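Novice: Have a look at the structure that comes next, please.
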Amino acid sequence: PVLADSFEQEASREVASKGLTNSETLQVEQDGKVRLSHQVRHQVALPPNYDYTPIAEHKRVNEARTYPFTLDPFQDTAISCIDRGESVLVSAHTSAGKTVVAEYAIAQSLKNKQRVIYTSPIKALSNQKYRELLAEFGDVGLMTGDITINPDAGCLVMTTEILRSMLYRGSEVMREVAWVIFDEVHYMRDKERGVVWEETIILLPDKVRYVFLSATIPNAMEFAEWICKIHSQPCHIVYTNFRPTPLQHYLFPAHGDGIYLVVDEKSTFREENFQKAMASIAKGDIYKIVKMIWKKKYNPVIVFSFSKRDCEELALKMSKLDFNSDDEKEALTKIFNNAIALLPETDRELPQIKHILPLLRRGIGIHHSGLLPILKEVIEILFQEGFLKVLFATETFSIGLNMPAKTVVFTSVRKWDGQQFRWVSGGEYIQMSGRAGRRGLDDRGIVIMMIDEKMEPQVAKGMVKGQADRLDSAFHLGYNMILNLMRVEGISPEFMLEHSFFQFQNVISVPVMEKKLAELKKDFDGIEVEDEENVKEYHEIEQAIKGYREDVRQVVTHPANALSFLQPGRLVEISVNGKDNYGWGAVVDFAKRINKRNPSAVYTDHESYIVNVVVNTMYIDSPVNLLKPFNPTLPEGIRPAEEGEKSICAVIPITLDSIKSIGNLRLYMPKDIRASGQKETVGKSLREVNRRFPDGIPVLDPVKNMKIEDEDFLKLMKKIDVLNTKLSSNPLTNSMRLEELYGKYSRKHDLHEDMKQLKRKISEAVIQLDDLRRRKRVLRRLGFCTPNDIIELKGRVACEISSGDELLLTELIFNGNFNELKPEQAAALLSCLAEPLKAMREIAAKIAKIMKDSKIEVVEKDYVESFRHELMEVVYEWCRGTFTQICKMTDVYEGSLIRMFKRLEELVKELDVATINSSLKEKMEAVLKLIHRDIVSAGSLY
């Protein structure tokens with residue numbers, strides 16, 4: 001395919017505000033308004049020799065849909081693609097200003113008595129768009145699993161999954177369908193729902209036209225080419241950095257009194273205001289800012305926290321304040337109780353609505369991942385109406401609601417993940433902050449970023465003036481899809497892979513690699529070194545030496561030997577993960593690693609113990625306030641200081657792989673921790689000891705000190721002497737150029753091994769094929785036949801898609817006909833004293849030996865513990881019947897229930913797809929009755 005018709009256009013709007021500062025933010029226009037611009041870029045991907053007319057030159061004859069306001073060029077061009085009948089992709093921020101474009105496509109379809117599909121990811125947003133489209137268009141139709149009404153329609157709204165099935169099933173409506181409109185296309189990078197999007201598209205007919213709707217996305221021109229490649233047709237892209245109601249961006253430093261406009265409505269980076277801000281460098285800070293905003297009247301606020309545990313402590317500490325808005329509570333309680341009575345009664349009690357309602361009263365709440373879907377949409381409507389003024393809410397919203405604005409306040413600048421404490425990304429920042437600002441209802445949206453760490457200009461420039469995450473494919477070959485590939489005709493797995501966006505992105509990367517591997521092949525074949533033959537043998541010998549003593553380190557540093565040493569004060573040589581030398585330090589303590597985020601986790605012998613060390617070589621700006629206990633993942637920003645930087649004393653966690661050597665020395669370690677100078681004094685002792693051994697600290701001899709006398713060990717040391725001989729005995733007896741000719745050849749060798757690894761990434765769809773090949777090799781040993789056609793067992797999967805592992809579950813059926821009180825062991829596969837949990841584990845490892853036999857991933861415990869015993873006895877007791885009792889048996893939020901209830905249940909119950917093991921199909925309808933009625937009519941529409 002071919003790229004053409006590229007152009008940028010400028011556009012500018014008018015709004016004036018001083019906001020949260022002392023001065024007016026922008027140089028003012030006479031009206032009291034402010035002239036602000038935004039750019040809007042377009043290009044098209046065209047098929048070879050396609051007769052194209054430049055979209056700028058186009059004139060629409062017949063306005064399908066007509067609009068009251070002046071359209072924007074980001075809109076106006078998309079609409080001319082649609083009217084040229086040329087697929088178009090639009091990314092802009094969720095002003096949902098995109099809607100204008102969709103509305104046009106629809107109306108254009110129905111004007112032509114054609115049919116057109118509108119897909120969103122989620123059943124709910126299907127209803128919301130449905131109601132919206134219904135009110136404007138009439139013959140609209142809704143297809144969820146949940147709801148399905150007037151399908152004999154011309155405008156059909158369906159979940160993305162619906163469509164997937166329909167393309168796989170009878171391409172039925174499809175025949176009359178002109179345009180398919182994908183909302184929230186950026187969801188395709190999701191590791192989960194992200195394959196649905198890709199698959200679906202891939203399936204679709206080269207003859208249907210597309211309208212893609214995205215949030216802003218860096219490279220989307222890679223997306224259109226793909227469409228232009230696989231549905232052989234023109235695809236336009238339409239991007240804008242437009243912001244519906246401009247944003248302002250403050251840092252609130254944590255000593256906490258002054259507040260600094262850091263990025264403007266341009267976005268001009270207020271560099272000076274910033275460096276002022278960093279200079280003025282944590283519970284109560286938040287209250288100060290909470291009160292401040294209700295007082296400064298930037299009225300409703302989402303206070304983003306990254307954990308559930310934070311949103312709950314911080315929403316209640318502001319439940320002291322706005323217990324007012326209570327002449328408003330003289331109205332609130334009523335639509336809030338439009339609910340609790342709609343409940344089952346026993347499931348209407350409990351610490352559920354308890355608490356909550358003062359916060360409701362006090363114009364406040366929290367935001368789940370733990371509440372109830374109605375508990376949260378009452379809130380969402382409480383937020384819609386602004387009855388709640390501060391919701392202490394979490395990163396993650398229902399994918400994705402509509403939310404009140406004016407005020408967005410990050411409680412932080414960092415995110416955990418077990419545990420990197422890492423900076424918010426460019427991407428994360430745009431989404432979360434994207435919530436501040438309301439159309440018309442706000443002359444500006446406000447972003448306030450509680451910072452608490454010295455942070456470089458280019459770091460924050462990346463975070464506050466960054467871009468959104470790449471759309472990168474999330475495709476991969478799952479079984480219950482391979483089968484469906486196999487069965488229905490015309491459509492090979494091998495056709496899917498070659499057609500995936502994934503293999504596409506990979507296809508583009510290859511000329512990229514080539515240009516550099518060809519750029520590196522000029523440079524390795526550019527460095528020529530004298531007596532290369534003589535240098536080499538010398539270079540290799542020194543490297544063989546390098547490699548053996550590494551083997552030695554691995555022994556010493558091993559927990560069988562090391563641990564018996566290493567008392568507080570032990571001197572240790574730190575090179576963490578091999579790249580961060582922090583030199584000598586002293587042991588504070590150590591501990592068996594306790595991986596809490598993952599129960600069934602396995603660690604190396606070296607990675608299995610965590611060591612605390614005082615080092616004094618720590619870069620001074622390292623946010624050492626961030627590293628957590630016995631968690632040797634050192635946050636980005638925590639580095640050792642290099643030649644000519646300032647240092648400090650810190651206590652860091654390491655693994656035994658971070659240890660370069662154990663000294664034969666112990667200094668004094670205060671058991672009084674790092675308490676008020678205690679770690680600094682040790683810092684002075686390290687300074688002393690490091691000054692007392694400039695050359696180095698005497699290392700413990702493995703043999704004379706550590707009683708290490710393995711036969712295997714000694715032979716290693718012997719090899720070392722053997723080399724050290726041949727090496728010394730080399731005619732680079734101080735060759736006067738030894739450091740010059742080594743350096744010259746080492747660069748040659750470094751570039752050589754690097755040209756190898758880019759020679760490998762290069763040349764290799766041919767990557768995805770193996771899992772395909774290997775999944776069939778697994779599959780044939782089971783349910784598909786050996787010529788790769790679907791047999792019986794591949795009926796006991798292929799139709800599923802909601803598989804809690806479709807193959808361990810298909811295999812337990814044709815084997816284990818249990819009782820009634822014990823088969824709640826589906827908790828073991830769908831949640832992520834008398835036990836039949838060995839029947840799945842004896843069956844798994846065999847299945848997992850196959851997955852090992854067909855050369856896929858791993859059997860060993862990780863496949864066997866892939867199916868979790870953790871909450872196996874909890875969901876087990878629920879099979880015997882209170883809602884309030886079961887919640888006393890462990891520690892999982894009451895929102896984990898309506899998911900896993902509908903996730904352990906929806907696993908047991910879609911077995912639609914036409915009959916039979918009798919004893920199953922009956923004792924299991926019972927299995928479905930003993931849990932549904934305990935929280936009966938799930939029921940949740942709006």
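Ordering of the structure tokens sets the chain letters (A, B, ...); residue numbers start at 1 within each chain; ligands are numbered from 1 in the order shown.
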Might you pull out every residue within 9 Å of residue 629 (chain A), with only C-alpha atoms counted and same-chain residues fewer than 6 positions away left off, and present them as a list in words?

Specialist: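 The residues satisfying every condition are residues 612, 652 and 653 of chain A.
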
Novice: Store the residues picked out above, limited to N, CA, C and O atoms, as a JSON list (two decimals), in the first residue's frame.

Specialist:
[["chain", "number", "residue", "atom", "x", "y", "z"],
["A", 612, "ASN", "N", 19.19, -5.89, 53.30],
["A", 612, "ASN", "CA", 19.30, -4.46, 53.50],
["A", 612, "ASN", "C", 20.74, -4.08, 53.68],
["A", 612, "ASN", "O", 21.48, -4.74, 54.41],
["A", 652, "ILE", "N", 19.08, 0.41, 51.32],
["A", 652, "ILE", "CA", 18.40, -0.23, 50.20],
["A", 652, "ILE", "C", 18.28, -1.74, 50.33],
["A", 652, "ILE", "O", 19.14, -2.39, 50.91],
["A", 653, "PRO", "N", 17.19, -2.30, 49.78],
["A", 653, "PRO", "CA", 16.97, -3.74, 49.76],
["A", 653, "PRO", "C", 17.60, -4.34, 48.51],
["A", 653, "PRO", "O", 17.42, -3.79, 47.43]]

Novice: As an MDAnalysis selection string, please: all residues of region 389-616 of chain A that backbone DSSP puts in strand (DSSP E).

Specialist: chainID A and resid 390:393 407:410 414:415 422:423 445:450 570:576 580:592 609:616

Novice: Can those selected residues be exported to a file as a compact mmCIF listing (two decimals), in the first residue's frame so that it contains C-alpha atoms?

Specialist:
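New file selection-v9.txt:
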# COMPACT_ATOMS: atom_id res chain seq x y z
CA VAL A 390 -15.47 15.02 46.68
CA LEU A 391 -15.35 11.45 45.54
CA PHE A 392 -12.13 9.85 46.67
CA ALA A 393 -12.02 7.65 43.60
CA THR A 407 -11.29 19.84 39.70
CA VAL A 408 -8.92 16.91 39.30
CA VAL A 409 -6.32 16.40 42.00
CA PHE A 410 -3.62 13.72 41.78
CA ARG A 414 3.87 7.74 41.20
CA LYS A 415 2.05 4.34 40.63
CA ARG A 422 7.23 4.46 39.22
CA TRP A 423 6.18 7.81 37.81
CA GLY A 445 -10.66 22.58 34.01
CA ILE A 446 -8.14 22.41 36.79
CA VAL A 447 -5.39 19.90 37.45
CA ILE A 448 -3.57 19.86 40.78
CA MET A 449 -0.66 17.50 41.25
CA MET A 450 0.53 16.85 44.81
CA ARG A 570 29.18 -7.04 57.63
CA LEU A 571 30.91 -5.21 54.81
CA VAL A 572 29.49 -6.06 51.41
CA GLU A 573 30.26 -4.98 47.85
CA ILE A 574 27.12 -3.79 46.04
CA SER A 575 26.57 -3.95 42.30
CA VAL A 576 22.82 -4.23 41.97
CA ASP A 580 24.54 0.00 39.60
CA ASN A 581 27.72 -0.03 41.61
CA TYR A 582 27.09 1.40 45.08
CA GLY A 583 30.47 0.08 46.19
CA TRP A 584 30.97 -1.19 49.71
CA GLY A 585 28.19 -0.88 52.22
CA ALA A 586 27.27 -2.57 55.46
CA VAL A 587 24.63 -5.16 56.20
CA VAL A 588 21.77 -3.99 58.33
CA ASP A 589 19.86 -7.30 58.20
CA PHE A 590 18.22 -9.84 55.87
CA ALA A 591 15.01 -11.97 55.50
CA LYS A 592 13.49 -14.86 53.59
CA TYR A 609 16.52 -13.76 50.30
CA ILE A 610 16.45 -9.96 50.59
CA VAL A 611 19.35 -7.97 52.06
CA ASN A 612 19.30 -4.46 53.50
CA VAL A 613 22.53 -2.55 53.12
CA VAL A 614 23.68 0.87 54.09
CA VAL A 615 25.47 2.46 51.17
CA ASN A 616 26.73 6.02 51.21

Novice: Determine the nearest neighbour of residue 251 (chain A) from the options A:221, A:654, A:20, A:79, counting only C-alpha atoms.

Specialist: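 Nearest candidate to residue 251 (chain A) out of A:221, A:654, A:20, A:79: A:20.
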
Novice: Give me, as a ChimeraX atom specification, the residues of region 789-907 of chain A that a backbone DSSP run labels helix (DSSP H, G or I).

Specialist: /A:806-813,823-830,841-853,874-878,883-886,897-907

Novice: I'd like the contact shell of residue 195 (chain A) - 9 Å cut-off, only C-alpha atoms, skipping same-chain residues fewer than 4 positions apart - returned as a list in words.

Specialist: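 Surrounding residues, per the criterion: residues 188, 189, 190, 191, 199, 200, 473, 474, 475 and 476 of chain A.
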
Novice: Only N, CA, C and O atoms, please: the residues just picked out, written as a PDB file, in the first residue's frame.

Specialist:
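The new file part.pdb reads:
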ATOM      1  N   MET A 188      -8.286  -1.694  22.009  1.00  0.00           N
ATOM      2  CA  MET A 188      -7.597  -2.770  21.342  1.00  0.00           C
ATOM      3  C   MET A 188      -6.195  -3.094  21.884  1.00  0.00           C
ATOM      4  O   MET A 188      -5.653  -4.145  21.562  1.00  0.00           O
ATOM      5  N   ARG A 189      -5.588  -2.226  22.688  1.00  0.00           N
ATOM      6  CA  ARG A 189      -4.260  -2.558  23.210  1.00  0.00           C
ATOM      7  C   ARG A 189      -4.381  -3.296  24.528  1.00  0.00           C
ATOM      8  O   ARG A 189      -3.385  -3.813  25.067  1.00  0.00           O
ATOM      9  N   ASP A 190      -5.611  -3.332  25.034  1.00  0.00           N
ATOM     10  CA  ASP A 190      -5.902  -4.039  26.272  1.00  0.00           C
ATOM     11  C   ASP A 190      -5.471  -5.481  26.128  1.00  0.00           C
ATOM     12  O   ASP A 190      -5.761  -6.101  25.112  1.00  0.00           O
ATOM     13  N   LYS A 191      -4.765  -6.012  27.123  1.00  0.00           N
ATOM     14  CA  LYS A 191      -4.311  -7.398  27.063  1.00  0.00           C
ATOM     15  C   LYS A 191      -5.496  -8.369  26.981  1.00  0.00           C
ATOM     16  O   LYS A 191      -5.382  -9.450  26.391  1.00  0.00           O
ATOM     17  N   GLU A 199      -9.494  -9.280  16.227  1.00  0.00           N
ATOM     18  CA  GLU A 199     -10.158 -10.391  15.579  1.00  0.00           C
ATOM     19  C   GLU A 199     -11.312  -9.836  14.762  1.00  0.00           C
ATOM     20  O   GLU A 199     -11.254  -9.862  13.533  1.00  0.00           O
ATOM     21  N   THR A 200     -12.302  -9.258  15.449  1.00  0.00           N
ATOM     22  CA  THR A 200     -13.523  -8.728  14.825  1.00  0.00           C
ATOM     23  C   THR A 200     -13.271  -8.003  13.509  1.00  0.00           C
ATOM     24  O   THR A 200     -13.813  -8.372  12.465  1.00  0.00           O
ATOM     25  N   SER A 473      -0.525  -3.933  19.279  1.00  0.00           N
ATOM     26  CA  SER A 473      -1.469  -5.038  19.235  1.00  0.00           C
ATOM     27  C   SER A 473      -1.457  -5.836  20.508  1.00  0.00           C
ATOM     28  O   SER A 473      -0.442  -5.930  21.171  1.00  0.00           O
ATOM     29  N   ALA A 474      -2.595  -6.419  20.841  1.00  0.00           N
ATOM     30  CA  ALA A 474      -2.614  -7.384  21.914  1.00  0.00           C
ATOM     31  C   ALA A 474      -3.093  -8.752  21.433  1.00  0.00           C
ATOM     32  O   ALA A 474      -3.685  -9.509  22.207  1.00  0.00           O
ATOM     33  N   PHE A 475      -2.823  -9.094  20.171  1.00  0.00           N
ATOM     34  CA  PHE A 475      -3.303 -10.365  19.631  1.00  0.00           C
ATOM     35  C   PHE A 475      -2.485 -11.546  20.116  1.00  0.00           C
ATOM     36  O   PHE A 475      -1.286 -11.408  20.320  1.00  0.00           O
ATOM     37  N   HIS A 476      -3.142 -12.693  20.299  1.00  0.00           N
ATOM     38  CA  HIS A 476      -2.469 -13.976  20.531  1.00  0.00           C
ATOM     39  C   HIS A 476      -3.443 -15.132  20.328  1.00  0.00           C
ATOM     40  O   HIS A 476      -4.624 -15.012  20.615  1.00  0.00           O
TER      41      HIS A 476
END

Novice: Taking into account only C-alpha atoms, which residue in the set A:762, A:89, A:341, A:316 is nearest to residue 359 (chain A)?

Specialist: A:316

Novice: Which value, in Å to one decimal, gives the distance between CA of residue 715 (chain A) and CA of residue 555 (chain A)?

Specialist: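 Here the two named atoms are 13.0 Å from each other.
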
Novice: Got a sec: who's within 12 Å of residue 519 (chain A), counting only C-alpha atoms, leaving out chain neighbours fewer than 6 positions off, as a ChimeraX atom specification?

Specialist: /A:511-513,525-526,751,754-755,758

Novice: Please dump the current selection as a PDB file, in the first residue's frame; keep C-alpha atoms.

Specialist:
ATOM      1  CA  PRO A 511      13.247  -2.213   7.731  1.00  0.00           C
ATOM      2  CA  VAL A 512      13.849  -0.242  10.905  1.00  0.00           C
ATOM      3  CA  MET A 513      16.132  -2.971  12.247  1.00  0.00           C
ATOM      4  CA  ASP A 525      33.818  -3.465   9.620  1.00  0.00           C
ATOM      5  CA  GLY A 526      35.479  -0.115  10.265  1.00  0.00           C
ATOM      6  CA  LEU A 751      29.663  -4.447  18.025  1.00  0.00           C
ATOM      7  CA  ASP A 754      25.366  -6.668  18.942  1.00  0.00           C
ATOM      8  CA  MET A 755      25.237  -7.238  15.188  1.00  0.00           C
ATOM      9  CA  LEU A 758      20.017  -7.462  15.515  1.00  0.00           C
TER      10      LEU A 758
END

Novice: Between A:25, A:346, A:267, A:12, which has the minimum distance to residue 935 (chain A) (counting only C-alpha atoms)?

Specialist: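 Counting only C-alpha atoms, the residue closest to residue 935 (chain A) is A:346.
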